[PDB]
């Protein structure tokens, strides 16, 4: 009867936590130097926000963030982890002689019991498009243990949206669906499913990186303040947008990336996944329109990106975009849980 079990299908949760039980996946994340190094810089440069403080690390995995908090002088760190990785974290705590300061609490943060309130919560809950995996809600849920005067690292999150043009990517996905147009595949007529196939392929967010010159307008920003937001705020996320087109051409979809800010007492440290910044394991995310929209420089592209949380720990993405001057409209549905990894 936990909020996690009430919002998550068991099949999804089992697969999710088996995935994060593998050391190879921990290694993959740790070897993202931009992520790991920016987190260490955020915590150590703001060491006075940790010195002799009580810390909660939500989803500690291998424990790396808890060790950073220990390096910064934290009095006690409660490292919560639901996967079997919790046992490997304990091994590292002992072999690094930090048993007196890092306490691994196995289980889900929505289901464990902590012995005290904490001064600061640290976590790495960002997925693709920031919101995938629905771990932000576990991060916000954990604020029940946070002191009124407490802080959170990261403190805020910016989602950036921008229209792009990429005929090669659009053609690439259409070529895959063209298989289901065949009138005689080994003598079988498949064309009747051509519609279902296009929908399925264009339902896939494309995870990869791209040249910034494909972006056709200054990005739009949607900000989530983790200190202020509540869990329920992430069940439905409505992001309006109005782009002033800087170039003429076809808009094949919207590109997404995110920044998070660790707003400490000493300085604010940013971790960015923008295409102008060094690449991370989050790359960037692009959602294609089933049909591209034409716009000239000076036109306006308006609409809404609506994310609806589902019980598979992801979101159903509804994107409606409209060229204001012409009424040229594009509606699209995307399944954020199952992206197409193009890199």
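Basically, rigid core = biggest C-alpha set you can superpose within 1.5 Å across the two forms. Positions refer to the first chain, counted from 1.
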*Line up the rigid core: which moves more in 9 other deposited structures of this protein, 81 to 89 or 174 to 182, by C-alpha RMS?*
174 to 182
*RMS CA shift, core-fitted in 9 other deposited structures of this protein, bigger for 114 to 122 or for 187 to 195*: 187 to 195
*Taking the mean of the C-alpha B-factors per stretch from the entry, tell me the winner out of 307 to 315 and 59 to 67.*
307 to 315
_Greater mean Cα temperature factor according to the PDB record, 268 to 276 or 84 to 92_ = 268 to 276
*From 103, 229, 156, 237, pick the one with the largest CA B-factor in the entry?*
229
*Just grab whichever of 202, 170, 139, 256 has the top CA B-factor as deposited.*
170
_Chain-wide C-alpha B factor ranking for residue 195, given as lowest, middle or highest third_ = middle
*Looking at the entry's B-factor column for C-alpha atoms only, identify whether residue 216 ranks in the lowest, middle or highest third of its chain.*
highest
*What third of its chain's C-alpha B-factors does residue 147 belong to: lowest, middle or highest?*
highest
*For residue 326, does the deposited CA B-factor place it in the lowest, middle or highest third of the chain?*
highest
*Which third, lowest, middle or highest, does the CA B-factor of residue 281 fall in along this chain?*
middle
